[PDB]
Amino acid sequence: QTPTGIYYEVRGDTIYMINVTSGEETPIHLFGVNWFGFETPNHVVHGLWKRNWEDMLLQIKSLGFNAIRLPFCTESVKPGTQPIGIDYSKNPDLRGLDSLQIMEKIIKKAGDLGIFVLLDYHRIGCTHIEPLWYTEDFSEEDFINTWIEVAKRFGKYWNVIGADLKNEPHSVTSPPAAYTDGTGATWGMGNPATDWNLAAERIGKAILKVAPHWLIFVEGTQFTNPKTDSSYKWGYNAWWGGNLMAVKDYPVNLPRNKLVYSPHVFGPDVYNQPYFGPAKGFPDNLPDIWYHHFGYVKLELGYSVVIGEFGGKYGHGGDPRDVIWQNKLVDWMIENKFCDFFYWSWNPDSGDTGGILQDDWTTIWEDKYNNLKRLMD
Ligand SMILES: OC[C@H]1O[C@@H](O[C@H]2[C@H](O)[C@@H](O)[C@H](O[C@H]3[C@H](O)[C@@H](O)[C@H](O[C@H]4[C@H](O)[C@@H](O)[C@H](O)O[C@@H]4CO)O[C@@H]3CO)O[C@@H]2CO)[C@H](O)[C@@H](O)[C@@H]1O
């Protein structure tokens, strides 16, 4: 059942937390942020050159968030990786700790604060997101074994809700090549080399054996299979980790009380999507685009859907259409009861999106935050 005394499950489209000792079971909401850096050359969450790590946690909690998605790369969850970019004068308790002991300390404290953590295997290397869950010198078996060691260790922390199996499965070539050419992810192709729907089942099963109490989060790909993608006019224009159009015909085969679908969705600050042109009816055209790419998974099919990344500069140094985009997206989440989400990012040092923090790592973008906090009321 559980090593921590806490057990997570999905009933209907809602995540519940069970306490086996008190017997309490309540629905939870994930009002989340992404705090990144363990996936980069820093090997640690960013901003610890400017801030104390507990204080960052306390500030996140104080803004109403109760969940952090923590991106990691393979090197950061191995014993002995040295972090760069910590002011030890501000973080004395982190002196001489390796990146793993820091991740342990951060998650423990999060727990004490009542913050859920979702572990995200964000990159295999520490430089960029790979299209597949393996590379030339890192196999799916190494990927799975990395998740098993992570689940073995982090399964002991009550507030770790689960595993976001791989960030942003995607493509590096164009369709039609992308479907068969083995360089990118697919879904419903019937090809184990590339089918993210099949890979998710294999990786999720491995993790549930060691952490049966966890949820498994599964993202979209970019392209799926040609019949799915051509069946919608914007079928070729989903984000990385954003195409869930294949779930209806090819659902992922994990237990229904364990599985959470986790699409990503972005604004004009990340990529100038063609449906962002007002001549295409932006922004009033978006709800139908969101619905087709991922929203029907919940609205029509009844699955838990947690948006795992979304954000943008909200007009601070970026495309002024980002303000309209983020407003419209949060309107649609609220009206369709997409209440669980993780914003990208808490960090201001996201080059195309900024974050909830400003560049001083201390003050927030009030307007951006005010729009988002509508989901938290
Ligand atoms: O991790 C530290 C790093 O994060 C960067 O922020 C990234 C996230 O890490 C990532 O999860 C996500 O990635 C974007 C990616 O940056 C875009 O390049 C990619 O663009 C695609 C689009 O999805 C397609 O529809 C279109 O056809 O192709 C374009 C590119 O050709 O979209 C994905 C999301 O789907 O988002 C975050 C924002 O980019 C920070 O920017 C960086 O500073 C941090 O170091």
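Any value given below was found using the heavy atoms of this structure, including those in side chains, with hydrogens, waters and symmetry copies removed. For this chain, numbers begin at 1 and follow the sequence in order. Counting starts at 1 for both ligands and their atoms, in listed order.
Within the listing of ligand 1, atoms 1 (O), 2 (C) sit less than 4.0 angstrom from a heavy atom of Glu39. Interface of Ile129 with ligand 1, defined as ligand atoms under 4.0 Å from a residue heavy atom, comprises 9 (O), 10 (C), 11 (O). Counting the atoms of ligand 1 from 1 in the order shown, those under 4.0 Å from a heavy atom of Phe266 are 34 (C), 36 (O). Residue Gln222 has at least one heavy-atom neighbour below 4.0 Å for each of these atoms of ligand 1: 24 (C), 27 (O). Contact atoms of ligand 1 toward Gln273: 25 (O) (distance under 4.0 Å to a heavy atom of the residue). The ligand atoms of ligand 1 that sit less than 4.0 angstrom from a heavy atom of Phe36 are 2 (C), 44 (C). For ligand 1, the atoms lying closer than 4.0 Å to a non-hydrogen atom of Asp349 are 43 (O). Distances below 4.0 Å separate heavy atoms of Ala238 from the following atoms of ligand 1: 24 (C), 25 (O).
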- Item | salt bridge (charged side-chain N to carboxylate O under 4.0 Å, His left out) between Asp112 and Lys109, intermediate numbers included | CA-CA 5 Å; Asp112 288 343; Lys109 186 61 34 192; 2.8 Å; yes
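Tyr179 and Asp229 share a donor-acceptor pair across their side chains, judged by distance under 3.5 Å alone.
The six-membered or imidazole ring of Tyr275 lies near that of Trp234, with a centre-to-centre distance under 6.0 Å. Aromatic ring centres of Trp240 and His128 lie farther apart than the 6.0 Å criterion allows. A ring-centre distance under 6.0 Å is not found for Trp325 and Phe266.
When all heavy atoms are compared, the tightest approach of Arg123 to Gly125 is CB-O, 3.1 Å.
The protein atom (non-hydrogen) at minimum distance from atom 15 (C) of ligand 1 is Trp240 CZ3, 4.0 Å. Residue, atom and distance of the protein heavy atom nearest to atom 22 (C) of ligand 1 are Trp239 CE3, 3.6 Å. Among protein heavy atoms, atom 40 (C) of ligand 1 sits closest to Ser350 OG, 3.3 Å. Taking atom 11 (O) of ligand 1 as the reference point, the nearest protein heavy-atom neighbour is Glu309 OE1, 2.6 Å. Nearest to atom 30 (C) of ligand 1 among the protein's heavy atoms is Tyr271 CD1, 4.1 Å. Counting protein heavy atoms only, atom 43 (O) of ligand 1 is closest to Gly351 N, 2.9 Å. Looking only at heavy atoms of the protein, atom 6 (O) of ligand 1 is closest to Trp344 NE1, 3.2 Å. In terms of protein heavy-atom proximity, atom 3 (C) of ligand 1 is nearest to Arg123 NH2, 3.9 Å.
Ring geometry, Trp49 versus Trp361: the interplanar angle exceeds 60°, so the pair is classed perpendicular (tilted spans 30 to 60°). In this pair, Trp344 and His122 present their aromatic rings parallel. The plane angle is below 30°, not in the 30 to 60° band.
For ligand 1, one of its N or O atoms has an N or O atom of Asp352 under 3.5 Å away. For ligand 1, the polar-atom distance check against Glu168 finds a nitrogen or oxygen pair separated by under 3.5 Å.
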Contacts table for residues 22-36: side-chain donor-acceptor under 3.5 angstrom, sequence neighbours left out:
residue: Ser22; atom: OG; partner: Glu24; partner atom: N; Å: 3.2
residue: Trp35; atom: NE1; partner: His46; partner atom: O; Å: 3.0

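Residues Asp98 and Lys78 are not paired through a salt bridge, judged by the lack of any N-O separation under 4.0 Å between the basic side chain and the carboxylate.
More than 12 heavy atoms of other shown residues, nucleotides or ligands fall within 6.0 angstrom of atom NZ in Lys50.
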